[PDB]
Amino acid sequence: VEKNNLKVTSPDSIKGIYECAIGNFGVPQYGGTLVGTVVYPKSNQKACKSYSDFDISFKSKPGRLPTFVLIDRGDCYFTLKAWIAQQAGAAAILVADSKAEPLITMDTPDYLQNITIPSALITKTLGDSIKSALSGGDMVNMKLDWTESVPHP
């Protein structure tokens, strides 16, 4: 399981370094990092359907942090969740595992080349911690670290 470090920068309650598992699609900024804010939509939480019907966009306003969308595993292909979040303007997708278990690699089921959004899966533990912080009205900000992540050919 190929992993990279993830750093929650806020709120203070859950700040720290965690691991995430990089999916076999999307394009991390290898050698670099990406800071964003995490959002867990109230609707279409598995990103199996189009966000446009919901009039939901994750395009962040100028000067604000890029939006990372927290998405639940289940019901559809991981690649489709990425494609759909990408269409909705998300800067990255974090797929929270539906069961508590070691990290797994999100595999693909040409068109894979069209998926560019950094895509990673996080544990149910971390997913639930983030949801709790957001539920308390806290912004959850996060730095994705690929500084030492080297891609395969």
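At a glance:
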{"quantity": "Residue match in the range 93-105 (condition: small (G, A, S), at positive phi and surrounded by fewer than 21 Cβ atoms within 10 Å (Cβ to Cβ))", "calculated": "no"}
{"quantity": "Condition met for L65 (within 21 Å of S129 (Cα to Cα) and either out of contact with any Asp or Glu (no Cβ under 6 Å at 6 or more places or on another chain) or polar (S, T, N, Q) (or both))", "calculated": "yes"}
{"quantity": "Residue match in the range 3-25 (condition: over 16 Å from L121 (Cβ atoms), within 12 Å of the chain's Cα centre (by Cα) and not aliphatic (A, V, I, L, M))", "calculated": "no"}
{"quantity": "Residue within the range 129-152 that is small (G, A, S), over 11 Å from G26 (Cβ atoms) and in contact with a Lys or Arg (Cβ under 8 Å, 6 or more places away or on another chain) present", "calculated": "no"}
{"quantity": "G36 being closer than 17 Å to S98 by Cα and touching a strand residue (DSSP E or B) at 6+ places or on another chain (Cβ under 8 Å)", "calculated": "no"}
{"quantity": "Restricting the range 58-92 to residues that are under 16 Å from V38 (Cβ atoms) and among the polar types (S, T, N, Q), the residue that is surrounded by the most Cβ atoms within 10 Å (Cβ to Cβ)", "calculated": "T67"}
{"quantity": "Residue within the range 32-45 that is of a type in the set (F, W, Y) and in a strand (DSSP E or B) present", "calculated": "no"}
{"quantity": "Pick from the range 106-138, criterion under 10 Å from the mean Cα position of the chain (by Cα) and among the hydrophobic types (A, V, I, L, M, F, W, C), ranking: surrounded by the fewest Cβ atoms within 10 Å (Cβ to Cβ)", "calculated": "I122"}
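Positions of Cβ are generated from backbone atoms using ideal geometry, with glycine treated the same way; all protein chains shown enter the neighbour counts. Values in this text are rule-based calculations from the coordinates and carry no lab data.
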